[PDB]
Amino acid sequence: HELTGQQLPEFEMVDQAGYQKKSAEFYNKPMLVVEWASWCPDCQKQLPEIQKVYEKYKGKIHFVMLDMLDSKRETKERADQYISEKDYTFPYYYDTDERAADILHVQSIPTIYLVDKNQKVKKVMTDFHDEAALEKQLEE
């Protein structure tokens, strides 16, 4: 709840090229921050829907910020495989040691943050939303 109706807290992430990315160095598009982990059963059920949301809104609203928890039950190798087996086409990142999740106050995964164009958290969704629900939430 606490973030609903609030500017995004500053956090960082590690992408694939070894880069360390800032949460404020991308803008002009509504943002979809999803905190996920491969071992999680609910993450394995919601991410296929987000994959469908990505291939639709990667030519409309874009910006999928997908952080991943670290580093014991979930590792980078266990991460890159899970993305490859399911064949995922979205850009994902590495929330190093769950630092962004600690900043985002993530107490259950997955957690989806609906961010408007101006980087204001509009809706935090911890329950399951399939594609059409995710398509509708972006519209509303």
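From 1 onward, residues are counted along the sequence shown.
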query: 49-57 set against 25-33, stretch whose average Cα temperature factor tops the other in the entry; finding: 25-33
query: Per the entry, higher mean C-alpha B factor between 7-15 and 122-130; finding: 7-15
query: Which of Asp67, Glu77, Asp42, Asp97 ranks first by CA B-factor in the deposited coordinates; finding: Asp67
query: Third assignment of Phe63 from its chain's C-alpha B-factors; finding: highest
query: Cα B factor band for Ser71 (lowest, middle or highest third within the chain); finding: highest
